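What follows is a short report on a single structure.
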Amino acid sequence: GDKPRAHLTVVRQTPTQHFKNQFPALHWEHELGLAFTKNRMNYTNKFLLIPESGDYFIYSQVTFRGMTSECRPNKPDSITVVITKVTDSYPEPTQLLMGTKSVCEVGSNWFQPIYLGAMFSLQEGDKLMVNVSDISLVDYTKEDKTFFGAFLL
Amino acid sequence: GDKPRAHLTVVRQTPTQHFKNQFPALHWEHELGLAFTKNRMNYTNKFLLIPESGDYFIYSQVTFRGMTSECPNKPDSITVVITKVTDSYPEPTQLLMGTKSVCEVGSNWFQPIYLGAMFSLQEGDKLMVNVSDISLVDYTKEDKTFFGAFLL
Amino acid sequence: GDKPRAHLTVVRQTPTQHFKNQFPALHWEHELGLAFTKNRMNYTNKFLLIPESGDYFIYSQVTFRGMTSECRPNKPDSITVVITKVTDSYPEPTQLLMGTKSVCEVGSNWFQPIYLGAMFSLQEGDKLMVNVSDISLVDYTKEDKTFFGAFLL
Ligand SMILES: [Mg+2]
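Residue numbers (PDB author numbering), protein chains in the order written: chain B, 92 to 162, 170 to 251; chain C, 92 to 162, 171 to 251; chain A, 92 to 162, 170 to 251.
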């Protein structure tokens, strides 16, 4: 009755150059506020490490915000958030979830969240992580706006 | 085993202006239809008191709808926030929050907002959902706007 | 211990005969990739048959993708997705969840996902199916973009 589980909450995000056309990954707050990691759930190196094989329900919401770029017609821009796992086996990451949506707004600006949640079978030693299209667009402001979680079922 | 859990569906939700405030909490149906409360967890006037302390998964969708309003000008918006109120500390702490900027371009619009996340709630704590604008909230169907939680 | 659970994933999709005035259901992948069914959870005939009574968490995400339509302004277009529960008793469906949003996207094309999830009490033999407003709008391209799942609590 003490299954591994953790709810991570956003932070400012220390800028750290990433590969070109490569999706940046966020790092989080894991012990302050509403965040936490327990029952051997280890959040290390911007990774959420799995303490044991089994089926976990992982979820994450990422609120994006920005000034209207809206440019015929103009080909839409896109914001996207992806949750992926990396294993001992193929170091080649496997995308589990991906909420991607077109954005061609009007008005002073815009802002909206992308929430995904599902259940996958992970093996101990697996490392989860969220990635996003554009880091500068993630609202790091509030704790209840951008989060990431996972718990053994 | 069998632990606490519940699934509330939307209802009428009459208007108001009592106690003067913003981000009105919604009312739910705790039994009629797909709705239900079990294992010591009960709905009680906008709240959802937790029977047993432990880790919970709170979730909820609130379908919004309204007639398009002209809108470079700062856009209006919609938001839904789930709150945890505890007797120990008065100040209700916001757990979740989905805010979407609205600025349509047609007859009208609609679109739900869904939020799901796990938290470590305390026994005797009270959960409730709040929305930017109570009137925009759709009350037609129960599968459109719901709100629940269970003990993991 | 051994609780029923299954995570299904989208596939190209095969045209089906148009008979009644109803929502098209989706059929999926239940073994390859991130897909799976276990502990007596049976995926048969486009339905997710419930092995045991009790409470389940049903979830699904359908990423829609289309071409910009046109829109006293013009009434908006819309897309929907609804998880339906069909009982052994009355053959009449029972819409459990329902996600529907309008669309007037001003741009070349668009695309956006719709995620829904909730806990219900289901009986044995009961079936579950995901329906959509427009089949041809569903993005079947990736497994993580359109999925359907459920597990016992
Ligand atoms: Mg097959």
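We put the CB at the ideal spot given by N, CA and C, even for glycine.
Nearest residue (CA-CA) to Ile177(B), options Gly197(B), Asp186(B) and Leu117(B):
Distance from the Cα of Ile177(B) is smallest, within the candidate group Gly197(B), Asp186(B) and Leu117(B), for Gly197(B).
Any C-beta of chain C sitting closer than 8 angstroms to the C-beta of residue 40(B)?
The shown model of chain B, from 92 to 251, leaves out residue 40(B), and the question about it has no answer.
May I ask you to list, following chain order, the residues of the segment 102-122 of chain B that have a beta carbon less than 7 angstroms from some beta carbon of chain C?
Under the 7 angstroms Cβ criterion, the segment 102-122 of chain B contributes no residue.
N- and C-terminal bounds of the beta strand (DSSP E) containing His118(B)
Counting along the chain, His118(B) sits inside no beta strand (DSSP E), nor does DSSP assign it H or E at all.
From which residue to which residue does the beta strand (DSSP E) around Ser176(B) run?
Start and end: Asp175 to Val184.
Within 8 angstroms of chain A by C-beta, residues of the segment 191-217 of chain B in sequence order:
Here the close residues are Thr192, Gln193, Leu194, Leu195, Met196, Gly197, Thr198, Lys199, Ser200, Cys202, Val204, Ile212, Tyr213, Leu214, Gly215, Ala216 and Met217.
Thinking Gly124(A) and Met217(B) are a contact (beta carbons under 8 angstroms), I'd like their distance in whole angstroms, please.
Wrong, their Cβ atoms sit about 14 angstroms apart, outside the cutoff.
Span separating the alpha-carbon of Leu250(C) from that of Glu222(C)
Taking C-alpha positions only, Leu250(C) is separated from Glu222(C) by approximately 11 angstroms.
For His98(C): DSSP bridge partner residues:
As computed with DSSP, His98(C) is found in a beta bridge with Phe127(C) and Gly247(C).
Could you have a look at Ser219(A) and say whether DSSP puts it in helix, strand or coil?
In the structure shown, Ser219(A) adopts extended strand secondary structure according to DSSP, grouped into three states.
Given that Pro95(C) touches chain B, what residues does it touch there, using C-beta distances under 8 angstroms?
Under the 8 angstroms cutoff, chain B gives no residues; its nearest Cβ is about 14 angstroms from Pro95(C).
Look at the alpha carbon of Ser234(A) and the alpha carbon of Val179(B), and state the distance between them as a whole number of angstroms.
In this structure, the alpha-carbon of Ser234(A) lies about 24 angstroms from that of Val179(B).
When burial is assigned at 16 or more other CB atoms within 10 Å of the CB, is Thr100(A) buried or exposed?
Taking all protein chains in view, the Cβ of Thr100(A) is crowded by 16 or more other Cβ atoms within 10 Å, so the residue is classified as buried.
Taking the beta strand (DSSP E) that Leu140(B) belongs to, which residues open and close that run?
Residues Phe138 to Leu140.
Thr185(C) to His118(B) span [Cα, whole Å]
Their Cα atoms are separated by approximately 30 angstroms.
Does the distance between the C-beta of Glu120(A) and the nearest non-hydrogen atom of ligand 1 fall short of 7 angstroms?
Flag set: Cβ of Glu120(A) near ligand 1.
Interface residues of the segment 219-248 of chain B facing chain A [CB-CB below 8 angstroms]:
Answer in chain order: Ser219.
Do you know offhand how far residue 169(B)'s Cα is from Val236(C)'s?
What the structure lacks is residue 169(B): chain B is numbered 162, then 170, with the residues between left out.
Strand pairing of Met196(C), partner residues [DSSP]:
Bridge partners of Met196(C) according to DSSP: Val180(C).
So, is the C-beta of residue 166(C) closer than 8 angstroms to a C-beta in chain A?
Here residue 166(C) is not present, the numbering of chain C passing from 162 to 171 in one jump.
Over the uninterrupted beta strand (DSSP E) stretch that includes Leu235(B), give me the two end residues.
From DSSP, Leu235(B) is part of no beta strand (DSSP E); its letter is neither H nor E.
Assuming the contact rule is C-beta atoms closer than 8 angstroms, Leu140(B) and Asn130(B) should be a hit. Round their C-beta distance to whole Å, please.
Contact flag wrong, Cβ pair sits at about 13 angstroms.
List the residues of chain B whose Cβ lies closer than 7 angstroms to the Cβ of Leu125(A), in chain order.
Within 7 angstroms Cβ-Cβ: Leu194 and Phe218.
Using DSSP bridges, identify the partner residues of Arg170(A).
None; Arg170(A) has no bridge partner.
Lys199(A) versus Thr154(B) - alpha carbon distance:
The alpha-carbon separation between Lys199(A) and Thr154(B) amounts to approximately 18 angstroms.
Let me make sure I understand the geometry here. Which of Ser219(C), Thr192(C), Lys243(C) and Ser160(C) has the alpha-carbon closest to that of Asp146(C)?
Out of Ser219(C), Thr192(C), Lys243(C) and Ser160(C), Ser219(C) has the C-alpha closest to the C-alpha of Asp146(C).
Beta carbon proximity, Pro174(A) to chain C, threshold 8 angstroms:
Closer than 8 angstroms: yes.
Looking at the strands, I want to know which residues DSSP matches up with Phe148(A).
Paired residues: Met217(A) and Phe249(A).
Please work out which residues of its chain come closer than 6 angstroms, Cβ to Cβ, to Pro211(C), disregarding the five sequence neighbours upstream and downstream, and give them in chain order.
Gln152 and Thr154, listed in sequence order.
What does DSSP give as the partner residues of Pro211(B) in its beta bridges?
Beta-bridge partners of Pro211(B) (DSSP): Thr154(B).
Using only CA atoms, which one of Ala126(B), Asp232(B), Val201(B) and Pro171(B) lies nearest to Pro106(B)?
Of the candidates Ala126(B), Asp232(B), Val201(B) and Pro171(B), the one whose C-alpha sits nearest the C-alpha of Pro106(B) is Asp232(B).
Cβ closer than 9 angstroms: which chain A residues qualify as neighbours of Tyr150(C)?
Close to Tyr150(C), with beta-carbon spacing below 9 angstroms, are these residues of chain A in chain order: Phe148, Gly215, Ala216 and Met217.
For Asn133(A), three-class secondary structure by DSSP
Residue state, collapsed to three classes: strand.
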